[PDB]
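Take a look at this single chain in structure tokens; it is the form deposited in one PDB entry.
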């Protein structure tokens, strides 16, 4: 299938990304606390439900939350401020809490079932979020005796995510803190604006996009 793109809500950021985040890809967004990465996640979970003409893929969402950062009320706000029905938008985000790194890996594996179920329906899964990719791995695998296993488990986890993205035409979006992924680094700009910098993309120029966080989520 042709690569689809989901608008981030920001024209500036979309331009930097070549149109939006891609299906058949893992977009990995880095940032310190308050960077906007989770706000971007919340915005994408609404945007993807729109028709292509409005920046979406008429899709549903699966959301794996490792540190209790998903806010249903924020989804409702973004949905309503963008003219959608907040209750409908929430119903199409399948939520899972991951309690530890093993569980997180299992949740990605088990996600394939729902993906298959929805595949040839009116609302196929088009966005799979892991927020965040590494919090559990960082907590559980301490020091150098644990590095080898941490990297191997993380590598397998990313491989599983890649397979789902490619096989089922899904945009995978993961957050992190400092191929195989498209890496975007968020930082604070001036006057409460945020800045995204794209780094090491094989076929997109490096660059920056300035964006705002509003009642609509992310926008210029």
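Numbering follows the first chain given and starts at 1.
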Task: Other compared entries missing residue 203, a third or more - done: yes
Open item on the list: Going by the PDB record, how many residues of the deposited sequence fall between residue 178 and residue 179 without any coordinates: none, 1 to 3, 4 to 9, or 10 or more?
Closed with: 10 or more
Task: 101 to 109 versus 145 to 153 - greater average Cα B-factor per the deposited record - done: 145 to 153
TODO: Using the B-factors recorded in the PDB entry, average over the C-alpha atoms of 18 to 26 and of 202 to 210, then report which stretch comes out higher.
DONE: 202 to 210
Open item on the list: I'd like to know which of 162, 188, 183, 42 has the highest C-alpha temperature factor in the PDB entry.
Closed with: 188
TODO: Using the entry's values, work out which of 127, 119, 84, 130 has the largest Cα B factor.
DONE: 84
Open item on the list: Test of reading the entry: by CA B factor among the chain's modelled residues, which third contains residue 60?
Closed with: middle
- [ ] Compare the C-alpha B factor of residue 90 with those of the other modelled residues in its chain, then answer lowest, middle or highest third.
- [x] highest
Open item on the list: For the chain shown, is the CA B-factor of residue 35 in the lowest, middle or highest third of its modelled residues?
Closed with: highest
TODO: Divide the modelled residues of the chain into thirds by Cα B-factor and specify which third, lowest, middle or highest, holds residue 135.
DONE: middle
- [ ] Using the B-factor values recorded in the entry, state whether the Cα atom of residue 218 falls in the lowest, middle or highest third among the modelled residues of its chain.
- [x] middle
